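Chains as they are written, first to last, in PDB author numbering: chain J, 53 to 462; chain V, 78 to 154.
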DNA sequence: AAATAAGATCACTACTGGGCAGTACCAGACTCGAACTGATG
DNA sequence: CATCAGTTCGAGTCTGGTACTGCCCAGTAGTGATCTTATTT
Ligand SMILES: [Zn+2]
Ligand SMILES: [Zn+2]
């Protein structure tokens, strides 16, 4: 009977032992809702949420609801959506039949686009309000919008495909194949005795290259349609390709993902169609490896650190001025990055402290002025005489107002 | 009154309701006023007379709505 | 039947919890321009 | 020899794990006036 945000803030946040979890339980845990895609992921936040939910609920199978089983085989690049995706027909069927309404994990994968059970696409916008919704929100409800609270289920999907018989059917068949493969992958996540490792990919590549391209990475790379440098990245280093690339490879080989992961079934098969099909010739490349000089960037950043400006810029501003990317700068210079970030953070903290002490001073002055004329000083009346009548949300402005009133006798 | 209605608007030839036997002991003049106002005020939505009593106005569909906060003298007015 | 109670409703007042759109940081990680270098027909 | 496949270096681009800002609305318990219904004599 409580909102999910309230439950997380007042019961899940305290149990966790991280600084941003305890500090975020008194301010609104927007950090966990803006980054809720990693709660069902393979990362540390997903594991910690699973463990805390297990402690709260005394369950033993909560890790199946996430992809922690595929931590060492799957990468988080382009794997999870940012927005909630639902099948309205699924909600309507579950509610009409009397079953419980729930969100499947298959909807949280960006590669999945349509619902295999109902042959209709997954709708990612509330029909009533064209407003985007995260995976988990403060007012989340299974089957209801987390922004207007109205039912999201319908007997018929409101989105229909365009009229075309050239490539729409092929795209639909491809989407069905990805949906089936990912679903079977999720199902096999529980049947496997142990999690397959990355070296399984290397062994599988060693088999398929020898079997189709007679030990030639260039021919294979041309066949699938991805750069050979990425093939070298995969086959001889601990780099896991995205799910999209693996699914495309499996589609071109007619062998499912689980049958590709195992290094045994690949030995006893003699693929021939993979050489027959090849439809990857025109691919847009990256923009360019833009120039980067250590001396120039170092001198500019030292100048901006020494130079006193107001107020001290954040590092996104510095990077945008340089016309570079944040990661490119931080890769070579992480120390002065931290120095500039600190300087900005202490400046912001000092500014907040001074401005809010001042705000308390005007609060006291306003209560003085209001009590001078004999009118009863209340919170609303004082708020009516402030530029931002919302500063009382700070829990010392209200304390100062209460202290000033109680000193005066209220 | 059809030629008059075609020539002059915002005039209803004849309005008729039927008196309600009250559920309580005494006749309900409140309900009488509400029903008379509803029946009388059903021309096209063009005729907006914006009655001088708050609580009696049009809606999205053009029907007449009166909440329970409007007193009987206000309804009569 | 008139008189006296009493709950219902509207309207206003004062009080006190308390969250969402948004910003910021930090390395780990993946992918592939661009080039380097060796085998080969 | 010049063409092509296997190798390095480093930037474009994601993304999770971690931390924090800046601001008003809503739900509720009171009183006061005024119905609407319900007991007394
Ligand atoms: Zn469905
Ligand atoms: Zn909605």
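Note that beta-carbon positions come from the ideal geometry of N, C-alpha and C, so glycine has one too.
Distance cut-off 8 Å: residue i Cβ against heavy atoms of ligand 2
i                      : result
residue 185 of chain J : yes
residue 180 of chain J : yes
residue 155 of chain J : no
residue 300 of chain J : no
residue 197 of chain J : yes
residue 202 of chain J : yes
Cβ neighbour criterion (16 or more within 10 Å) applied to residue i
i                      : result
residue 286 of chain J : buried
residue 354 of chain J : exposed
residue 140 of chain J : buried
residue 230 of chain J : buried
residue 93 of chain J  : buried
residue 155 of chain J : buried
residue 138 of chain J : buried
residue 270 of chain J : exposed
residue 136 of chain J : buried
residue 185 of chain J : buried
residue 219 of chain J : exposed
residue 298 of chain J : buried
residue 324 of chain J : exposed
Sub-9 Å separation of residue i and residue j beta-carbons
i                      : j                      : result
residue 278 of chain J : residue 326 of chain J : no
residue 180 of chain J : residue 202 of chain J : yes
residue 318 of chain J : residue 352 of chain J : no
residue 227 of chain J : residue 164 of chain J : yes
residue 153 of chain J : residue 195 of chain J : yes
residue 276 of chain J : residue 268 of chain J : no
residue 313 of chain J : residue 382 of chain J : no
residue 357 of chain J : residue 333 of chain J : no
residue 329 of chain J : residue 311 of chain J : no
residue 169 of chain J : residue 142 of chain J : yes
residue 101 of chain J : residue 64 of chain J  : yes
residue 321 of chain J : residue 307 of chain J : yes
residue 434 of chain J : residue 408 of chain J : no
residue 213 of chain J : residue 248 of chain J : no
residue 309 of chain J : residue 224 of chain J : no
residue 144 of chain V : residue 132 of chain V : yes
residue 339 of chain J : residue 376 of chain J : no
Next on the checklist: Closer than 6 Å between the C-beta and any heavy atom of ligand 1: which residues qualify, listed along the chain?
Outcome noted: J/139, J/141, J/142, J/167, J/169 and J/170
Checklist entry - Is it a yes or a no for the region 179-199 of chain J touching the region 240-249 of chain J, going by three-plus beta-carbon pairs under 8 Å? => result no
Next on the checklist: Could you check whether the region 455-462 of chain J touches the region 101-114 of chain V, counting it as contact only if at least three pairs of C-beta atoms, one from each stretch, sit closer than 8 Å?
Outcome noted: no
Next on the checklist: So, does the region 126-134 of chain J touch the region 283-300 of chain J, judging by three or more C-beta pairs under 8 Å?
Outcome noted: yes
Next on the checklist: Check whether the region 86-97 of chain J and the region 54-66 of chain J touch, using three or more Cβ-Cβ pairs below 8 Å as the test.
Outcome noted: no
Checklist entry - Touch check for the region 390-400 of chain J and the region 363-373 of chain J: three-plus C-beta pairs under 8 Å? => result yes
Next on the checklist: I want to know whether the region 418-433 of chain J touches the region 78-85 of chain V - three or more CB-CB distances under 8 Å.
Outcome noted: no
Checklist entry - Does the region 117-132 of chain V come close enough to the region 83-97 of chain V to have 3 or more Cβ pairs within less than 8 Å? => result yes
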